[PDB]
Amino acid sequence: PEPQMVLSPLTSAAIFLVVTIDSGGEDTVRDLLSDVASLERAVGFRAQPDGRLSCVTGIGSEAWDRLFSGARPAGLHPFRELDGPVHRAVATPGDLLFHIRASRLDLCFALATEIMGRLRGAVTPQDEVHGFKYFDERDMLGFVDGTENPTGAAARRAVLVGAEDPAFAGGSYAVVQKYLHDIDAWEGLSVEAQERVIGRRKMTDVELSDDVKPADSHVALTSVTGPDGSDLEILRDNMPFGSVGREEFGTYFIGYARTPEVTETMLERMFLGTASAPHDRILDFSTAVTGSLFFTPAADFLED
Amino acid sequence: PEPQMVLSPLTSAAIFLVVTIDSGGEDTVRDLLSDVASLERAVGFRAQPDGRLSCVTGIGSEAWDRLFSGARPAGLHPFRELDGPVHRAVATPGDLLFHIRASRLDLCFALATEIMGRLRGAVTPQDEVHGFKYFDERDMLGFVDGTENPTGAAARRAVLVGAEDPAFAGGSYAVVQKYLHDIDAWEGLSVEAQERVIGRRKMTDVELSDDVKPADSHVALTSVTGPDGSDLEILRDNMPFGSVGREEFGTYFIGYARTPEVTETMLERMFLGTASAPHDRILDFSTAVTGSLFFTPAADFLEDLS
Amino acid sequence: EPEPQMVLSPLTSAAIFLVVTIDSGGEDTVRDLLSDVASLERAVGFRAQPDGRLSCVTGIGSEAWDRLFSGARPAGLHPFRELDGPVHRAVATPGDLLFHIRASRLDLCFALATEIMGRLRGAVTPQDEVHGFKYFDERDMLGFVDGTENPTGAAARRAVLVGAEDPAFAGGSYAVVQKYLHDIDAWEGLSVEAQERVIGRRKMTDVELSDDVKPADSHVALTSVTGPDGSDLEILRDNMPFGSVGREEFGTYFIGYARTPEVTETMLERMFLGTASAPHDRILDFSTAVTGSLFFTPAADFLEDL
Amino acid sequence: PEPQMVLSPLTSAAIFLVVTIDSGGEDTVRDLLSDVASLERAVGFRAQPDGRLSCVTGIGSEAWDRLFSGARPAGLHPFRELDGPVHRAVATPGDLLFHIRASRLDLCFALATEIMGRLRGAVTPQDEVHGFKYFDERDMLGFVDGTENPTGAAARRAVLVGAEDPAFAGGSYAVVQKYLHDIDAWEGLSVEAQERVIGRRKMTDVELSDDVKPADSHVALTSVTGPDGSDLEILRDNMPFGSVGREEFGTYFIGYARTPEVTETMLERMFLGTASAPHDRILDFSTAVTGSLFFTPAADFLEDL
Amino acid sequence: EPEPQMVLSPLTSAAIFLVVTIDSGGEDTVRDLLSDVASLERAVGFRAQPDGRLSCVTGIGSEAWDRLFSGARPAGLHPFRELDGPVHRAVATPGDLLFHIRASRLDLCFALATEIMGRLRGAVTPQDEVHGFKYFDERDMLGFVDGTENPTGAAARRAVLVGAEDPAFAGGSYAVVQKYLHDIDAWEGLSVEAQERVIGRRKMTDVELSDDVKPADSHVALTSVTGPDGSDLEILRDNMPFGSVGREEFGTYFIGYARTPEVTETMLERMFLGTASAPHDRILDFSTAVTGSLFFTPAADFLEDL
Amino acid sequence: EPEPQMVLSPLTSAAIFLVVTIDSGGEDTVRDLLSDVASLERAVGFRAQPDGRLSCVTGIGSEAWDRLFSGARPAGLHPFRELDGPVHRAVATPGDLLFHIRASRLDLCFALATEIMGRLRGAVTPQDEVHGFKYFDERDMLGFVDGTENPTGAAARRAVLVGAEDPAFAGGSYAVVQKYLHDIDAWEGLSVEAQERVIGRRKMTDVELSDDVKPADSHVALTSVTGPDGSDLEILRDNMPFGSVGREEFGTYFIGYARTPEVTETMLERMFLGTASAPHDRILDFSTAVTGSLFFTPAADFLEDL
Ligand code: HEM
Ligand code: HEM
Ligand code: HEM
Ligand code: HEM
Ligand code: HEM
């Protein structure tokens, strides 16, 4: 089975589009799903090889039941709200996700325009974010963002559904959350204090040693080991976004995994805490304003 | 006199930031203006040579009077509203313009962030546009955009103030207008009908011959000759922008010239018409929602302040 | 695991197509060159890596095969079959060897062509030599994007490379070439909308026409073929413009690779002879074939071990 | 005055087009000349900044008098044939030259197509060459080609007409010659012998010292000093071309200069020789099959027609 | 199943070779660094992706292996074997750990080397450090293209990676290093044709000399080796120039990877000890080896699991 | 118009600094090489254009000038003046000729250095050779962006090139070089904010500290100098990192160009001897100078006419 382009090369621009399916819009959606790979080639082919345009399409739990009969993917459910002692991870509506990436924002925009052109009248937009990465892979907090992502075979094993759910092999599960940052409070920390929040050195991106790394740092809480002592991994492609005039400085989080269990365990540690950590210190500078979960099928499932 | 980077190499990303100066905000603004070139180097130097980051700072007519107590540039006045039989060019508030360009949007954003950080509490944002050019220099209507801009010495002569206003030599005048397009109506035209609106072939960007080019085409109405029969030219760096969710498809128009009279003559022909043309046909698919005029001083004028 | 030639190449902007016949007595000289052609490709190309992207694919015709080699023949190798349609004809022309040379620059193609022809001088007769160049946005001489629906990855290897069905020749492929000359004056008298109906895709944006509007005699409709089992039958194409402005020659050099010639031949029959719903491919009202040849391109190790 | 793009950045592709003007063709030609700069922007602008497309347009001596009334450039005359003891520099017909350059051949071809489209029925093609430079600036003989071209202000001084002919300031003079090489004979020389023909080391492109450089080497014979002891310089943009099937291996020579007398003095030394040298040894491997001279006006002269 | 180190790297234009010995008592510190070296590589390199192309290959010598690890040894691991020929000598020099660091820029190599040696200060003693750079046309200090006949693709993986013959160490490789200094004055007194007879390929065009004219004591002839079964035995080389113009040091740093050391050592025996028809490799009359060491480069997951 | 050497070069990522002394009797050989150095630069660099950006700036010291030439001397040419401060010392070390070689790749630098030293063999003795590399974000070995406040354009030409104040030497410049080694262990024991107070700019973003927080003994405060007439006195710097990981040598090679040595010397005095409000430049508590030399870099045509 041929996957979507979940494992993409590095891209410096993205558009995230989240929409809901209106009553009566199902047929128009199904038609667009069967064409979206052909649209990606149409927009992207003439700008190769620099363009690096791809679209990953996802489907939510409620929408799945409206669109398709027969089997459901084993791990597909609505995003679970987390109500922690201090911080909350909200659930927001979303039936379809389009994760569009390229080396330039204009290519993303052209593909987004063709997709939304086909869906006008059948869907209602819930969110639209235009992301850009800083030239040294830094995020809005000034830290390098992406470093410990898996690559090669390890990435395929962490991300792609396999024999455990064979009708949906080559699919993946995506979790999205839009975060807004309090940059004034963040910039009042010393660099060393910022390093203790994240768990890595700021300039050089070397991980803090085990003897200095706090238990409530982002890296400590999002490190999870499985039954057998192995690392449970996800693939992230976080993007900055914002608006200088409205004082909006953001990170759009997207995490792909072979089962939602990995990602959800990470989120529970961050928002609910553990015995050794009240919560992830990154959340004292970061508020989640969306939250949704999608299944991204194999490409050939959509092509039918 | 050293000009600002009005004549920039080609860039694929931009931020246009227009603000008003709040009462009492003058001193904070003057401070920032004296530092803006140093901020441009701080953000941009470490991303050389590919970053191509620049900022052009402009000052409106009313803002000028509040900030500076001596001589005014000869051509600086508020944007003049044009109230045509069908189409209108609105005047909207704007005291400062920052026209920020680079090869990547993140560099523009970082500079904009440092600028606005210094001005917080002294200004009110009026408009913010993040622009991106299509990879083949096309605009949102699908036409190549920039082709007949002047280059080299011809560009310097068309854009930079000289002997005619010697205390402001090395300056320029910028007009900005944000346009929203009706793309559904545009896409209902045949290609040949689109070509008759613009005045050039769509795929190849060859100009239509004098015998076929209509009098109400964009190229015909924005072609202007001077007293002496020479072409009057401006330098444009138009940028697409928009939001697919809200169905907003735009062109952010910016035109630089040595005197505003050139730009204003073009706008009068577009909105009020001529003997042979009621108005520029591009306006049947394009609505102006902002309009402002700014003087962009020489770099050394900004540096030598308090 | 047999190693194919570079049939699946990255995108290249230049090519040389060389077709020759083997003179009486030339067989031994040809066999020697075939055993060295991969080493010649590395010699010319290695020092221009990684930007040069030089490759050579070598093909052998049906009659030449019998003169060069004893033993097994590839199952699908035969001479190109003439198609004599009601209006349009696909000619067969002689060719014993093909050299399909590709790079990012024409000079690298030329240097390899020079070394190859240097070794063969006196043993072969040139039949055709074309120097091809792709336009910067992947467009062909008709102004349309060309290559968009080619298969990639695993699907390309499945469509192109001989496998278990002919195991002695696994890793090989079959190439069909046809040189086409266009009537550009007649083409350019069509509106863009009428050109789109000929091809089956939008010209500027390269989006396929919807199933309800795509004509039955459009190029895309006629070259879309489904198998017994309802799967798409695919080929890999690397069409190249060529020409001479002085002689008014504006061409497309067609080359198509497939695992069996049956797929390509079925496409040709539909284009030239038509179907129940279509007299012929409308692209042929603007395009005349002046060559036609079929070659087997062996696995690289077959050539090395000879 | 704004010159044409005679001083171009380095380009790896070119098309050279030479045509004659048919009976009655003058009006069509003048129309095209007034549009050629706008055609160059139309084809080139959307491929910037990598495309690097330019067109330099030249006009021959006889064609000048047919197209324009009034003043003539002072140095414009027909190419002068040189009939040497062994080698000959031929003159061939040519009224218009289009020297088209870009980073890629397809851009050159698109501009050539629009130009020839406008001239169909008014001109007759005499020569069409598609040139390509090797990736390390080498020519068909395997030597680096372009090294001692002038640059910056020295190039402007060597190439552009100035005060000496003020109505035509910003123009230049181009000489073209297509050469075919005997590659079999060249490749039978040792590298060291080829170096003695050229006057520079082959791999490293270092000039041979004055005490080793033979007097009949290409570099020695094309090194010319003026009245004042100053070097006389031209700007060259030689391009390989050919056809493997026809065994055609060529260099298309083009040289620009402020007056044709510099280039013509170089040609006399190559073909007729000096006291110490019978002829340029490069000509024992290189035969000229075309030769023409053109004036390339300032851009604004063409625009105003 | 096993993940190899980046032995099969893309082409890189810079490198650092660092060879150290492990001081008495330094074993625990070294083991800790080995378990972190892939994490350090990502830390330095991720922010320069995708153009940085930073990798480190870590090797372990025969004596050091016994000090660091208990259990199985790789089958082919032994100390480099000194070769004492009649004229030329291949010396053995001490070396416990190799770090073969490659990128598109020297600063990335340098930053990673700085982090590695930072962790190891006090536990190791440096024996050699070389900063290599490629000439722009892949030439070495002798003026010849260097790398041309390296295997690529599947053939490279087969030639380089340990497989089923030693399954506990599958995905590993064996590296031989030798630093060579050249006598450039003597080399440059040869004619080009005499240089070509030393190497066995043409200098400017890199075409191999024909079998009839290639000397038996040329570098290419002596390093071409066939197996019992008729097949070519191949290695993967990534030779780098280095030197110092003030001290008249012009060098080639030799590094050769192979699935078993026997292939590389057979090549070295032919070069230094000769054959019946060749006393020695003529390249050694202009090249002196001043180091020689052999290392096993384990699979990446072997290092991670420490 | 006197033609300067390439003192104002585009940004380069590699350099070689070569300092030599002229042996007794070596004068004639040196004069011959000086008359050829621009020809050597074109020979090596032409075939790598336009990306190579190879240039060589040649300097001559005070004592060497008097050995090579007769007549008038440049007005400001003297040997480097040793500074003996209370804590820190700026040493003077020997040097007759400087070759400042820059390019986008080290191999071009190396090839030109090789041809230069080839011509001078036997007539000079090497004193210093440094191969420099810039970090990818223009950072130096202390982790700060280095070169941000250099002047550019016309302001750089005014700061650097000799003019009417010394008209026989117009178009020349004066270069001061100092090799510095850093104590990185001590530097890395500071917090980032303490590092920022040493330099006078923020580390990650390279924004200058406000005048109310910037210490008087910071690097930027002590190297900011105004003239009698209120103007900034500027120099043009092209500092390069260098080092050796095995020897724990981490360096900055300082080179500063100016129209008169007095500007550079005033800055050095402030750094090493202090002012009323500052004992010394705090950068020197982590940085030791181990060389110091001063050279005049003549106009290009002065070298040619030898
Ligand atoms: C405000 C939102 C976020 C920001 C600004 C952010 C930023 C970062 C940074 C800077 C790192 C260190 C470098 C690296 O990418 O390895 C990191 C690591 C990581 N983050 Fe986040 N992150 C955010 C949210 C999340 C969320 C919501 C999850 C999981 C649900 C997550 C999972 C991870 C993981 C798994 C790593 C790798 C940890 C390791 O194993 O070393 N992050 N993040
Ligand atoms: C919706 C807003 C606009 C769009 C999309 C637009 C687009 C274009 C296009 C596609 C061209 C032809 C190619 C070229 O030379 O750039 C053009 C030319 C031009 N436009 Fe606009 N334009 C707009 C508004 C304006 C305005 C407001 C002015 C002046 C106030 C203006 C002045 C010009 C000029 C001077 C030319 C050059 C005509 C010539 O000399 O050939 N445009 N524009
Ligand atoms: C004058 C000669 C030709 C021209 C200019 C040409 C041009 C084109 C163009 C523009 C397309 C659309 C974009 C794309 O998918 O590449 C196309 C598609 C295609 N052409 Fe051609 N074509 C030529 C001859 C041929 C011939 C001779 C064949 C087969 C024997 C062929 C087979 C195809 C196929 C299979 C497709 C893809 C159809 C699909 O599945 O969507 N073409 N060609
Ligand atoms: C027959 C084909 C020709 C070839 C292949 C050729 C090749 C070369 C080569 C390799 C160089 C040395 C590197 C360089 O400085 O460019 C050179 C230099 C030069 N050639 Fe040619 N050339 C040819 C014809 C001509 C002609 C016809 C002229 C003059 C009318 C000419 C004038 C020169 C000049 C002036 C130089 C620079 C000399 C100096 O160092 O000052 N060449 N040529
Ligand atoms: C001074 C040290 C060396 C230099 C400058 C050098 C240089 C070269 C050059 C120029 C070639 C021809 C082009 C190529 O295929 O890469 C070559 C090929 C080769 N070298 Fe070396 N080499 C050196 C040492 C060694 C050593 C020590 C070995 C083995 C232990 C070796 C093994 C090979 C092999 C296997 C080939 C490919 C031969 C073939 O099958 O065509 N080299 N080398």
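Residue numbers (full-length UniProt numbering), protein chains in the order written: chain H, 8 to 311; chain V, 8 to 313; chain P, 7 to 312; chain Z, 8 to 312; chain R, 7 to 312; chain X, 7 to 312.
For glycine and all other residues, C-beta sits at the position ideal for the given N, C-alpha and C.
Following a CB-centred definition, is residue i positioned closer than 7 Å to any heavy atom of ligand 3?
i	result
P/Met277	yes
P/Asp146	yes
P/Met273	yes
residue 1 of chain P	One cannot answer for residue 1 of chain P here, as it falls past the ends of chain P, which runs 7 to 312.
P/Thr270	yes
V/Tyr180	no
Just checking residue i against ligand 4 - is the residue's beta carbon closer than 7 Å to any of the ligand's heavy atoms?
i	result
Z/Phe150	yes
Taking 7 Å as the cut-off, is the C-beta of residue i nearer than that to any heavy atom in ligand 5?
i	result
R/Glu155	yes
R/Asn245	yes
Give the interface partners of residue i over in chain X, defined as CB-CB distance under 7 Å, in chain order.
i	result
H/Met147	Chain X residues near H/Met147: none, gap ~13 Å exceeds 7 Å.
Since residue i meets chain H, which of its residues come closer than 7 Å, beta carbon to beta carbon?
i	result
P/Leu17	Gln55, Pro56
Any heavy atom of ligand 1 closer than 7 Å to the CB of residue i?
i	result
H/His225	yes
V/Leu239	no
Quick one: Cα of residue i to Cα of residue j, how far?
i	j	result
H/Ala174	Z/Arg48	56 Å
X/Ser15	X/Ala264	14 Å
P/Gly257	Z/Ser110	22 Å
V/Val130	V/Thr294	27 Å
V/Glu121	X/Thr211	10 Å
R/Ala170	P/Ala176	26 Å
Give me the chain Z residues within the contact set of residue i, using Cβ-Cβ distance strictly less than 9 Å, ordered along the chain.
i	result
R/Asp143	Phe142, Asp143
For residue i, return the contacting residues in chain P, with the cut-off set at a CB-CB distance below 8 Å.
i	result
H/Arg48	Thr154, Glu155
Do residue j and residue i have their beta-carbon atoms positioned less than 8 Å apart in this structure?
i	j	result
X/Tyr180	X/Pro85	no
Find the residues of chain V that neighbour residue i, judging by a C-beta separation of less than 9 Å, and give them in chain order.
i	result
X/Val213	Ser45, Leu46, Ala49, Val50, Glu121
- Task: List in chain order: all unbroken beta strand (DSSP E) runs of 3+ residues lying wholly within the segment 137-214 of chain H.
- Result: 179-188
- Query: Relative to chain C, which residues along the segment 97-121 of chain P have a C-beta separation below 9 Å, given in chain order?
  - Reply: Looking at the structure shown, chain C is missing, and the protein chains on hand are H, V, P, Z, R and X.
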